[PDB]
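First up is the structure itself, then whatever we jot down about it.
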Amino acid sequence: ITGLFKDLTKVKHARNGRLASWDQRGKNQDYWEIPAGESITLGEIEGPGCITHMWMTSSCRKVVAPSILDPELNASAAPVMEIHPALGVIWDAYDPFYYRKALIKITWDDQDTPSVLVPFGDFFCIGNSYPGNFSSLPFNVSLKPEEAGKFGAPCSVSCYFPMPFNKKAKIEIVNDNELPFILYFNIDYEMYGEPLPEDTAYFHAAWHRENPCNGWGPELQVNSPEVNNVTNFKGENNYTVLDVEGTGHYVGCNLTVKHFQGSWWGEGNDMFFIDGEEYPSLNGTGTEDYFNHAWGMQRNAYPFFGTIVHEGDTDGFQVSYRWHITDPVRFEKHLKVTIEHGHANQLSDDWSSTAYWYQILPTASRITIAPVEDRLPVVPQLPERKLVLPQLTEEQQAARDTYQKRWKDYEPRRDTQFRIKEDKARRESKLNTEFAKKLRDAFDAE
Amino acid sequence: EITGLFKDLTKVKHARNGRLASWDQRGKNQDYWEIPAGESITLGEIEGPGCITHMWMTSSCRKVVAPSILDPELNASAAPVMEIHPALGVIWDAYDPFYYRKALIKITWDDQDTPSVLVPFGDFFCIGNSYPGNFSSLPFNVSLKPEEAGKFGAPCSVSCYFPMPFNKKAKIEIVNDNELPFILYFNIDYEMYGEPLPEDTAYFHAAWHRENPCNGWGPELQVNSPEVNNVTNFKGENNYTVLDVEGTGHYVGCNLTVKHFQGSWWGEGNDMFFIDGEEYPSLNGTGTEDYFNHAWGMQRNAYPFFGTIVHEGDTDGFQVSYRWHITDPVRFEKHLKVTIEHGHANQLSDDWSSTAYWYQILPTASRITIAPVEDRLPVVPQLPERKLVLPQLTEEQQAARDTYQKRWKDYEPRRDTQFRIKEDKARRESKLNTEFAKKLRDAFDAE
Amino acid sequence: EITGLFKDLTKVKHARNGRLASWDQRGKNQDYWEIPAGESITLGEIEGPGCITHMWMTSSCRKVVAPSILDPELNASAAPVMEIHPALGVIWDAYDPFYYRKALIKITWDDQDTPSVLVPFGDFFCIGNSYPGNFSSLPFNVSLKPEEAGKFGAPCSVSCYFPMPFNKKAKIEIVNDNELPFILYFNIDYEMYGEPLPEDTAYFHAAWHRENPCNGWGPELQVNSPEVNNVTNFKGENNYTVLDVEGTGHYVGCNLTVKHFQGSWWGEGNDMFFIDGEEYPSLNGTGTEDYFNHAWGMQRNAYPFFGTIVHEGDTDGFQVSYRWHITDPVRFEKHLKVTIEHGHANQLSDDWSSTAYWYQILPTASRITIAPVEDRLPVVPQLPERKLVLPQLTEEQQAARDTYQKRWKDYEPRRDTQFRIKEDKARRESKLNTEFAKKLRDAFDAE
Amino acid sequence: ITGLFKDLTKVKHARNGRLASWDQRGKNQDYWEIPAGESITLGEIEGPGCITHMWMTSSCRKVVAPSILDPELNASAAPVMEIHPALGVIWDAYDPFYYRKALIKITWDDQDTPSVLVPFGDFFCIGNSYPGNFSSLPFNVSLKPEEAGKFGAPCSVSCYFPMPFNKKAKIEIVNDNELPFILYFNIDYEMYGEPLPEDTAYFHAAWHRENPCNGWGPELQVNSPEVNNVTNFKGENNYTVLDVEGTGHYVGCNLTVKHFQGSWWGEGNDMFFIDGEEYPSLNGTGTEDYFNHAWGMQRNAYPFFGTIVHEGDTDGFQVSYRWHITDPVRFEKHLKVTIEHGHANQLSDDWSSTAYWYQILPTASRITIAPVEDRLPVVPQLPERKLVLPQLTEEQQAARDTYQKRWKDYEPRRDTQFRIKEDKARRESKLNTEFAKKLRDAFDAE
Ligand SMILES: [Ca+2]
Ligand SMILES: [Ca+2]
Ligand SMILES: [Ca+2]
Ligand SMILES: [Ca+2]
């Protein structure tokens, strides 16, 4: 039996397991309230095994007004109050940047360095904490049009990249937000009865940003003769997607670009440096070219490449992806994945990227992340208003004072309810790891 | 040395192609079968060892409801389906709404006592509620014209790429429990092998289930009220049951048709899997859209491994969804129960139906059953009885009524005869398909 | 152990990436080749053993038809294509409509005395009729901007993920039969191996065919008339031929461009596959949309293994369709003939052209040939000749005509010089590409 | 100065007035809760004057579940809780037929009959209690796409037909609904310093329904040769749009058709009988032909005719209109406006119509309306479900009891708030007429 479905025609003596946000009270809070300024373990899994599937969704609301909804009862209703502020009954505002303030962190085989350290959004192909609806073979986002075109929009994420581990999987959320946020997850794996071959390649992901890129000509018009006649062979100043020591293969990237001059951000060539070569052996032709579009980026999202968020729908930013699944970029010792930031590094745009690759352990490269203050989208902000109240009527002052009093009483009651859910999250964290161990030992006893 | 999902294209295989098709064995342009009312028909039997690689089908079921000025004998040899609007006054072949539920597809492997596939024709091909939706996924597709979409029994092209291996025999049948015949076009592609498949090859299985109503404890309570949300359900004994099967194998997903009655949300219930007879489920989900890898309700998205076929927002309160577990199958050594709470802790009493898909080693230990036809029809609202009283008729109106009734009495029997002729062709080509498959098998084995 | 279509990501391979690209080897921003008029150019030669894993290209072909106020020497170093509306009065680089048909892609493996791929540039990349459509499938994609869609020669991005293994040699050329040069951007990715591929590795092949007109017996009879439908065709001697090849391998699909003349339906014709010299087809289809896994005509769907690239409802009577047999290949030990009746029983006399894709062990037994350029052009209606007479001119109108003609006399030769320089760059970079691929092969093999 | 704008260039010594649902507490409830099973006077105006413009919108919710929103505070928030029932916090369901259960009733010069007596929806070109978004010269509906496609959808209605009156205008809502409903209105007029000419034509509107139409061949296929060769000259059995004695002109209609056989409802000809003639002097060709469409109805709404709700978008029903503003159908003694219900009255469909006309007083015969039971849309109904509860856990029974307890407490609290808002409507009804009288008398004193 041949072809991409053939393994369905053969049984495998492997045991399914799942880390999930399931309500371990048996009730309908099948999510975790991830605490502010804390890391939480979604679970630890003893290998040998393989992550086969991840699904998540999330919400981060800030309470900004008093509500006439009873906050104790409200805590047990639906998790997110999707109610328009115009109704005057509640105001749970959208937190715009929570997708960049939270990280997903994965450590294999009890290494002293993570193999995945990426902003929560970026890892699931939400760039700029601004989701786009799209499908590809390994990553998908299902975003409602009602929610689309907003920073911090709720959406469903799914990852089908396999993540093998011979000894240990530790999956954490690091929440650098001053706000807690709601996380639903289903993380599916299988456990094996024998070790994986020792040269099994493990899933890695890292995140980078150059903001600004150090361009030599950001004020020169893109594609002017002067710009286009500048030379760049060795790519020393190229944007660096990935720079890693070891044996394995690059499987692709997402790239978020905020373009400032309003011409074109994408004349820059991909250039790959394999096993320490001085000049790149793989030379590309342009950035949309690298993403397999042409004459700019199109509103297409195909199995191995395309657009997640189109520049034409936004205030000058693009989110793009390419997967190298059947055409990976292999290396024995070292790989540097670069892209010129504009032709010959002309431009000074805001570039950020997730690199995904597989490699044999140990992970020699110590993966780092920019601090939270360096991960936030660049957005224009309104000037200072400095409003001066008119002379208030006694009625108007009483309205203000009554409202303020409702706010003084209400906010603490919402705070109490967030603290109860955060206590559930920490409790279910250790329960998830305990159940995963029980399942491991029961499977091995066999 | 070649790697990745295209790699088997770079190596030759000493296997012989065959195809069961509705091709016109007169050599003419009726490349379809008129499946008779209330009969089973064998699409074909193939001797193993082999593997089904691809199925394509399309179908039509019209009821003659008015006389036509189209000569019915010549009309039989024109295009098979009269796509003519009734407002033209020249013909009326009405759409049969529920034919996708009235017909079953049935597949038996290795001359077993029980079928391994027994599913309504529509549901098997990811048509839920006998109501097609246009979509693509990796193993199943439906191609539905926008002019036909949004109605029960709409014509559309269905395709299945799930491989179906068989060491000894494949028998593919249509069980037509409809009072009406229907038109079936098919191409079923397969390859034949010169050596047996390995001993614990996993065989393709599919089974259909419905709970209508689900036995909810709180169907009149508002979904997501605090009272509903604080009820506990750990053990899932009253969960909706997608699949309950003894064997060694793996679940590869489902479609799920839900008609939701209260106008809130049907989908808070968790998927819960019970592997190898465990009392509590080892795999705990978070919600029904969550299981379908959507969030905050279902979206109008159809992706390679999950999504929406028919969105609730486009219908009279019903949703058709799917998930494929192709790279993330749910394995079992001895037993699998795939459940979903029907609303949080089985609160709701909606109309749930599902197709379950799985592979397992033979034998098929579980006798696969189907609900009878009267339990497979969509729940639809009906107009109040009319009981119209005729006005006083003129001579001219009574003569128009008489002339028309006379034309109808002459015309319906002439159409009936043309159905019966096409049914004879289907019964004949059924036998011819198997006989050719056998000749092809024997010639391959000789060579 | 790891299973499913992603499994090969979880093991390392000791294989070395390479890439043939139109990268500016001056290190500047002309990362494209100006392919000369009436010339062949080698994109590169690679020494095996290795495998092509990915191709991306885009292109542009404009005809300078008016003088420009843009400095033509400086213009050469700006963006490569002046996407400037003719109504502005400042430049006019007109679209060349048929350049996708006037150029070929030509691939030779292991220094054979025939190419294994010889297909028009467009059709190879699933641009039928020199008229792009936006679509995705598993092996081939076109990303076409809406602003460009719905015209002949529209620019678009093409990509190919079919693997192309080779033990000894890969030589990739463009044959430009156009009177005009064209711009080609390309990234051709491959890997090199440290030992030979198995002897019987199947190599990628592609051939192109056109029957214009098809030799129909009743082009003037209405499609699906009782007279047409009762004609028999078993043996399919007169069927449209997609592929006719001697060897050991498997067909993996096609694209099919049909221009239909009578305004009914072109697709009643059945696929008929003749395996290993059999006189009667063993694989019998039901219809042409049925082969493409649509039904009741073609839909505006493009799914992973089949569908519509350009829909007849969006054009002046032409359709471009595809089907991939990746999990369901049609295998042959000695010979394969892939045919489709051109209308039922070869009734119709439409314009049919096709790309066939197959893999086979070497040798390529027969030369792959192609119809000459005059036989590859789309069939388009033509305006009556408008023999304009000028009115009596004012001195001012004559001076404007004179001034314009003089600008044009000065301007055109300056653009010609700029094309000749870029053509010289393409010929220089052709040789550099091959030299670098040889250095990389040798350094890889050294360790 | 010529053309349709020419009157903007001449001053007129006329005084503006407006009847409105404005909050006469000075607060932000600028609507009336129209009580169930009651008539309420929007206002009475002393003539001479002319209505120039009407704007309304409305809402009718049924409380069907208990809410965690404090119901007393909720009464002073936004007037309509546009909150999805899936959130679990409130359930104010849409009342589907309120547009047909309430009438608009207008009486001129204290006549012993109204001159307008039409269901609230149909008057404002909402057919079948089912809004559709459209514009025309005298009537508009502005309907949000998120509300569209359902019975009882909220939308804004506007009327620009002038309504002159020499002595008196009385404008009422007759609410035959068992539920109250929210009405916002702005009714603009001018008052004049002298009588209008006594031959001034007054605005009339009347509603009719034939359900079923009394067809001779409802089971025969439409456009069958048998149907098409039946004759109808005199049109005795035609659907009647208008049948009135006096001197005036018909200015058009809306027509709601629910079609049963699934072919074409519209082969019937318009046939007008002017001044008592036995045979119609104006012979039409078909129903879509009368609506100035062809080959069925189109999704077009033009200044003088078209589609409000397209059969292609619904469960078998169409709403259409035609205005005869520049091409009115005049009569000296009598007008009968008829349409064959199918060719030669073949069909037995559900037809209802609003007829609009102007005439010199008196209104000869009382304008009557079918009672509420005869005004409801024909809708298919689900089979009786007859659910049986399973054996309940103690926890499930306590859940049901707690919810019932919340409901028993909550519903009467909402009832109380409806009753207070109804008192406001009745109070402002009287204040509207008193202020209109003070305005009349102040203008007249000037
Ligand atoms: Ca470049
Ligand atoms: Ca749940
Ligand atoms: Ca045929
Ligand atoms: Ca007529």
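Lettering and numbering for the structure tokens are positional, with chains as A, B, ... in the shown order, residues counted from 1 in each chain, and ligands counted from 1 in the shown order.
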Check: which chain C residues lie within 7 Å of chain B using only C-alpha atoms, as an mmCIF file with N, CA, C and O atoms, in the first residue's frame:
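Final output, selection14.cif:
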data_model
loop_
_atom_site.group_PDB
_atom_site.id
_atom_site.type_symbol
_atom_site.label_atom_id
_atom_site.label_comp_id
_atom_site.auth_asym_id
_atom_site.auth_seq_id
_atom_site.Cartn_x
_atom_site.Cartn_y
_atom_site.Cartn_z
ATOM 1 N N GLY C 4 2.540 8.677 9.351
ATOM 2 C CA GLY C 4 1.746 9.690 8.641
ATOM 3 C C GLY C 4 2.611 10.566 7.763
ATOM 4 O O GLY C 4 3.867 10.414 7.771
ATOM 5 N N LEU C 5 1.960 11.471 7.036
ATOM 6 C CA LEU C 5 2.577 12.206 5.907
ATOM 7 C C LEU C 5 3.691 13.149 6.397
ATOM 8 O O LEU C 5 4.501 13.571 5.530
ATOM 9 N N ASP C 8 8.619 12.069 7.760
ATOM 10 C CA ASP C 8 10.020 12.213 7.281
ATOM 11 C C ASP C 8 10.666 13.475 7.867
ATOM 12 O O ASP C 8 11.894 13.552 7.814
ATOM 13 N N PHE C 162 5.992 18.427 -7.385
ATOM 14 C CA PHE C 162 6.267 17.044 -7.862
ATOM 15 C C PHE C 162 7.765 16.802 -7.751
ATOM 16 O O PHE C 162 8.524 17.588 -8.269
ATOM 17 N N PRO C 163 8.234 15.732 -7.073
ATOM 18 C CA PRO C 163 9.668 15.432 -7.018
ATOM 19 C C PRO C 163 10.198 14.882 -8.346
ATOM 20 O O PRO C 163 9.493 14.146 -9.039
ATOM 21 N N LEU C 197 20.604 6.561 -6.352
ATOM 22 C CA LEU C 197 19.196 6.166 -6.122
ATOM 23 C C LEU C 197 19.032 4.746 -6.641
ATOM 24 O O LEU C 197 19.755 4.372 -7.550
ATOM 25 N N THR C 201 14.447 3.663 -9.979
ATOM 26 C CA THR C 201 13.805 4.928 -9.555
ATOM 27 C C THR C 201 12.938 5.372 -10.746
ATOM 28 O O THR C 201 13.384 5.228 -11.901
ATOM 29 N N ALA C 202 11.709 5.835 -10.516
ATOM 30 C CA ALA C 202 10.840 6.418 -11.578
ATOM 31 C C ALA C 202 11.132 7.919 -11.717
ATOM 32 O O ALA C 202 11.162 8.651 -10.690
ATOM 33 N N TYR C 203 11.385 8.353 -12.944
ATOM 34 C CA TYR C 203 11.747 9.737 -13.306
ATOM 35 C C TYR C 203 10.480 10.444 -13.796
ATOM 36 O O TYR C 203 9.664 9.821 -14.483
ATOM 37 N N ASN C 224 -26.253 15.776 -26.534
ATOM 38 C CA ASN C 224 -27.236 15.072 -25.673
ATOM 39 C C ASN C 224 -28.579 14.914 -26.396
ATOM 40 O O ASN C 224 -29.538 14.474 -25.748
ATOM 41 N N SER C 225 -28.646 15.186 -27.688
ATOM 42 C CA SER C 225 -29.799 14.758 -28.523
ATOM 43 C C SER C 225 -29.864 13.229 -28.498
ATOM 44 O O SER C 225 -28.853 12.545 -28.312
ATOM 45 N N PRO C 226 -31.072 12.638 -28.593
ATOM 46 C CA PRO C 226 -31.203 11.177 -28.636
ATOM 47 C C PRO C 226 -30.312 10.544 -29.728
ATOM 48 O O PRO C 226 -29.740 9.540 -29.484
ATOM 49 N N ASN C 229 -26.722 10.455 -28.460
ATOM 50 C CA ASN C 229 -26.533 9.602 -27.256
ATOM 51 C C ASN C 229 -26.604 8.104 -27.598
ATOM 52 O O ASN C 229 -26.074 7.326 -26.804
ATOM 53 N N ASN C 230 -27.201 7.712 -28.730
ATOM 54 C CA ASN C 230 -27.425 6.287 -29.076
ATOM 55 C C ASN C 230 -26.310 5.797 -30.034
ATOM 56 O O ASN C 230 -26.347 4.629 -30.445
ATOM 57 N N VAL C 231 -25.290 6.609 -30.289
ATOM 58 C CA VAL C 231 -24.051 6.173 -31.002
ATOM 59 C C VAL C 231 -23.180 5.411 -29.995
ATOM 60 O O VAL C 231 -23.108 5.786 -28.798
ATOM 61 N N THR C 232 -22.595 4.309 -30.446
ATOM 62 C CA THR C 232 -21.766 3.411 -29.609
ATOM 63 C C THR C 232 -20.303 3.740 -29.849
ATOM 64 O O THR C 232 -19.958 4.105 -30.980
ATOM 65 N N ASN C 233 -19.493 3.571 -28.807
ATOM 66 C CA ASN C 233 -18.023 3.669 -28.884
ATOM 67 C C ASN C 233 -17.438 2.817 -27.762
ATOM 68 O O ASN C 233 -17.570 3.223 -26.598
ATOM 69 N N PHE C 234 -16.904 1.641 -28.095
ATOM 70 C CA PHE C 234 -16.315 0.680 -27.125
ATOM 71 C C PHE C 234 -14.790 0.862 -27.134
ATOM 72 O O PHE C 234 -14.136 1.052 -26.056
ATOM 73 N N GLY C 249 5.862 2.332 -15.393
ATOM 74 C CA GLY C 249 5.624 3.549 -14.601
ATOM 75 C C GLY C 249 4.181 3.723 -14.181
ATOM 76 O O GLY C 249 3.448 2.734 -14.065
ATOM 77 N N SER C 282 -9.565 -1.314 -20.102
ATOM 78 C CA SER C 282 -9.893 -1.934 -18.798
ATOM 79 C C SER C 282 -10.491 -0.906 -17.819
ATOM 80 O O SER C 282 -11.242 -1.331 -16.931
ATOM 81 N N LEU C 283 -10.114 0.371 -17.927
ATOM 82 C CA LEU C 283 -10.624 1.473 -17.060
ATOM 83 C C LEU C 283 -11.585 2.306 -17.896
ATOM 84 O O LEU C 283 -11.102 3.045 -18.775
ATOM 85 N N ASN C 284 -12.874 2.205 -17.592
ATOM 86 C CA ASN C 284 -13.952 2.925 -18.296
ATOM 87 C C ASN C 284 -14.541 3.978 -17.367
ATOM 88 O O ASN C 284 -14.998 3.613 -16.230
ATOM 89 N N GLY C 285 -14.501 5.234 -17.822
ATOM 90 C CA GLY C 285 -15.137 6.350 -17.103
ATOM 91 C C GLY C 285 -16.555 6.547 -17.583
ATOM 92 O O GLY C 285 -17.036 5.716 -18.402
ATOM 93 N N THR C 286 -17.144 7.675 -17.186
ATOM 94 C CA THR C 286 -18.576 7.978 -17.382
ATOM 95 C C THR C 286 -18.789 9.336 -18.066
ATOM 96 O O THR C 286 -19.903 9.546 -18.642
ATOM 97 N N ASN C 293 -13.836 14.775 -11.457
ATOM 98 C CA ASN C 293 -14.488 14.579 -10.137
ATOM 99 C C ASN C 293 -15.404 15.763 -9.815
ATOM 100 O O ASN C 293 -15.670 15.972 -8.666
ATOM 101 N N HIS C 294 -15.895 16.489 -10.816
ATOM 102 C CA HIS C 294 -17.072 17.395 -10.691
ATOM 103 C C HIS C 294 -18.291 16.605 -11.175
ATOM 104 O O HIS C 294 -18.172 15.366 -11.389
ATOM 105 N N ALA C 295 -19.442 17.236 -11.220
ATOM 106 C CA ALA C 295 -20.667 16.610 -11.749
ATOM 107 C C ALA C 295 -21.611 17.696 -12.256
ATOM 108 O O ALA C 295 -21.657 18.777 -11.627
ATOM 109 N N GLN C 299 -17.506 22.829 -11.807
ATOM 110 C CA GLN C 299 -17.720 23.878 -10.787
ATOM 111 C C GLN C 299 -16.500 24.799 -10.677
ATOM 112 O O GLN C 299 -15.391 24.358 -11.016
ATOM 113 N N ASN C 301 -14.439 25.218 -8.356
ATOM 114 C CA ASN C 301 -13.729 24.581 -7.219
ATOM 115 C C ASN C 301 -12.362 24.143 -7.717
ATOM 116 O O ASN C 301 -12.279 23.639 -8.869
ATOM 117 N N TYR C 303 -9.602 21.714 -5.812
ATOM 118 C CA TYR C 303 -9.340 20.889 -4.618
ATOM 119 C C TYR C 303 -7.959 20.251 -4.761
ATOM 120 O O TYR C 303 -7.308 20.443 -5.805
ATOM 121 N N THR C 327 -2.357 9.557 -4.924
ATOM 122 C CA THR C 327 -2.590 8.360 -4.075
ATOM 123 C C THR C 327 -3.224 7.261 -4.934
ATOM 124 O O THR C 327 -3.297 6.099 -4.461
ATOM 125 N N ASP C 328 -3.684 7.613 -6.143
ATOM 126 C CA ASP C 328 -4.451 6.700 -7.033
ATOM 127 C C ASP C 328 -3.841 6.713 -8.428
ATOM 128 O O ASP C 328 -4.548 6.876 -9.421
ATOM 129 N N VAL C 330 -2.308 5.648 -12.095
ATOM 130 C CA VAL C 330 -2.627 4.579 -13.080
ATOM 131 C C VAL C 330 -1.293 3.983 -13.546
ATOM 132 O O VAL C 330 -0.573 4.661 -14.312
ATOM 133 N N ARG C 331 -0.995 2.769 -13.069
ATOM 134 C CA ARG C 331 0.305 2.082 -13.262
ATOM 135 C C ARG C 331 0.250 1.289 -14.571
ATOM 136 O O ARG C 331 -0.869 0.986 -15.049
ATOM 137 N N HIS C 344 -19.431 12.712 -26.367
ATOM 138 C CA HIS C 344 -19.826 11.288 -26.439
ATOM 139 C C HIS C 344 -19.417 10.712 -27.816
ATOM 140 O O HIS C 344 -19.690 11.345 -28.837
ATOM 141 N N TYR C 359 5.405 9.179 -14.216
ATOM 142 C CA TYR C 359 6.769 8.774 -13.798
ATOM 143 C C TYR C 359 7.080 7.459 -14.505
ATOM 144 O O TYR C 359 6.149 6.675 -14.657
#
Practice task
Taking the chain letters and numbering used in this document, name the residues of segment 91-231 of chain C that DSSP puts in helix (DSSP H, G or I), as a VMD selection string.
Solution key: chain C and resid 99 to 102 121 to 124 226 to 229
Practice task
Around ligand 4, at most 6 Å away and counting only C-alpha atoms and all ligand atoms, which residues are there? Put them as a ChimeraX atom specification, please.
Solution key: /D:267-269,285-286,343
Give me the residues within 7 Å of residue 368 of chain B as a short mmCIF file (atom, residue, chain, number, x, y, z; two decimals) with N, CA, C and O atoms, in the first residue's frame, counting only C-alpha atoms and dropping any in the same chain fewer than 3 places off.
data_model
loop_
_atom_site.label_atom_id
_atom_site.label_comp_id
_atom_site.auth_asym_id
_atom_site.auth_seq_id
_atom_site.Cartn_x
_atom_site.Cartn_y
_atom_site.Cartn_z
N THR B 114 -20.81 -9.96 8.34
CA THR B 114 -21.28 -8.59 8.65
C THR B 114 -20.63 -7.59 7.70
O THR B 114 -19.49 -7.79 7.25
N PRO B 115 -21.31 -6.47 7.33
CA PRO B 115 -20.65 -5.40 6.59
C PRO B 115 -19.64 -4.69 7.51
O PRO B 115 -19.83 -4.69 8.73
N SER B 116 -18.60 -4.12 6.92
CA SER B 116 -17.63 -3.24 7.62
C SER B 116 -18.02 -1.76 7.43
O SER B 116 -17.68 -0.93 8.32
N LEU B 118 -21.62 0.44 6.68
CA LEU B 118 -23.09 0.49 6.52
C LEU B 118 -23.53 1.89 6.97
O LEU B 118 -23.68 2.11 8.16
N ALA B 207 -19.69 3.50 10.22
CA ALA B 207 -20.97 3.16 10.88
C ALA B 207 -21.70 4.46 11.20
O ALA B 207 -21.04 5.46 11.44
#
Exercise for the section: For segment 354-362 of chain D, list every protein, DNA or RNA residue within 7 Å, evaluated using only C-alpha atoms, and leave out those in the same chain fewer than 4 positions away; present the list as an NGL selection string. Expected result: :D and (122-123 or 199-208 or 241-242 or 246-255)
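The binding environment of ligand 2, defined as every protein, DNA or RNA residue with an atom no more than 7 Å away and counting only C-alpha atoms and all ligand atoms, comprises residues 28, 29 and 30 of chain A; 268, 269, 270, 286, 287 and 344 of chain B.
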Would you save the residues from that selection as a short mmCIF file (atom, residue, chain, number, x, y, z; two decimals), in the first residue's frame, using N, CA, C and O atoms?
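Below is the file that was written, out_19.cif:
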data_model
loop_
_atom_site.label_atom_id
_atom_site.label_comp_id
_atom_site.auth_asym_id
_atom_site.auth_seq_id
_atom_site.Cartn_x
_atom_site.Cartn_y
_atom_site.Cartn_z
N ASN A 28 -18.40 23.04 33.33
CA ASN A 28 -18.23 23.58 31.95
C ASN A 28 -17.23 24.73 31.90
O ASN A 28 -17.33 25.53 30.99
N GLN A 29 -16.25 24.78 32.80
CA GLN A 29 -15.10 25.70 32.67
C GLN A 29 -13.92 24.93 32.09
O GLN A 29 -12.93 24.72 32.82
N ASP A 30 -14.01 24.55 30.82
CA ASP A 30 -13.00 23.67 30.16
C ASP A 30 -11.86 24.51 29.61
O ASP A 30 -11.32 24.17 28.53
N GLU B 268 -21.48 22.92 23.64
CA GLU B 268 -20.64 23.05 24.86
C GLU B 268 -20.08 21.69 25.31
O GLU B 268 -19.15 21.67 26.16
N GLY B 269 -20.62 20.60 24.79
CA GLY B 269 -20.30 19.26 25.30
C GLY B 269 -18.90 18.86 24.90
O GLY B 269 -18.53 19.15 23.73
N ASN B 270 -18.19 18.17 25.80
CA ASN B 270 -16.80 17.71 25.59
C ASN B 270 -16.79 16.39 24.83
O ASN B 270 -17.56 15.52 25.23
N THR B 286 -12.89 19.70 25.57
CA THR B 286 -13.27 20.99 26.19
C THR B 286 -14.60 21.49 25.63
O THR B 286 -15.26 22.29 26.31
N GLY B 287 -15.01 21.02 24.46
CA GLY B 287 -16.23 21.51 23.80
C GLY B 287 -16.38 20.90 22.42
O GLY B 287 -15.39 20.25 21.97
N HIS B 344 -23.47 20.66 27.43
CA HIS B 344 -22.67 20.47 28.67
C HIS B 344 -23.38 19.43 29.57
O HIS B 344 -24.60 19.60 29.80
#
Per residue of chain A within 7 Å of chain C, note the shortest atom pair and the distance in Å to one decimal, counting only C-alpha atoms, and order the rows by chain and increasing residue number, as a Markdown table.
| residue | atom | partner | partner_atom | distance |
| --- | --- | --- | --- | --- |
| A:3 | CA | C:327 | CA | 5.0 |
| A:4 | CA | C:5 | CA | 5.2 |
| A:7 | CA | C:4 | CA | 5.7 |
| A:162 | CA | C:6 | CA | 6.9 |
| A:196 | CA | C:1 | CA | 6.3 |
| A:199 | CA | C:11 | CA | 6.8 |
| A:200 | CA | C:11 | CA | 5.0 |
| A:201 | CA | C:10 | CA | 4.6 |
| A:202 | CA | C:10 | CA | 6.5 |
| A:223 | CA | C:78 | CA | 5.1 |
| A:224 | CA | C:78 | CA | 5.3 |
| A:225 | CA | C:77 | CA | 4.8 |
| A:228 | CA | C:29 | CA | 5.0 |
| A:229 | CA | C:28 | CA | 5.4 |
| A:230 | CA | C:28 | CA | 5.7 |
| A:231 | CA | C:27 | CA | 4.5 |
| A:232 | CA | C:27 | CA | 5.0 |
| A:233 | CA | C:27 | CA | 5.3 |
| A:248 | CA | C:12 | CA | 5.6 |
| A:281 | CA | C:18 | CA | 6.9 |
| A:282 | CA | C:19 | CA | 5.6 |
| A:283 | CA | C:23 | CA | 6.3 |
| A:284 | CA | C:23 | CA | 6.0 |
| A:285 | CA | C:31 | CA | 4.9 |
| A:292 | CA | C:56 | CA | 6.1 |
| A:293 | CA | C:157 | CA | 5.2 |
| A:294 | CA | C:157 | CA | 5.1 |
| A:298 | CA | C:145 | CA | 6.1 |
| A:300 | CA | C:143 | CA | 6.8 |
| A:302 | CA | C:136 | CA | 6.2 |
| A:326 | CA | C:53 | CA | 6.7 |
| A:327 | CA | C:53 | CA | 5.2 |
| A:329 | CA | C:17 | CA | 6.3 |
| A:330 | CA | C:17 | CA | 6.5 |
| A:343 | CA | C:29 | CA | 6.4 |
| A:358 | CA | C:10 | CA | 7.0 |
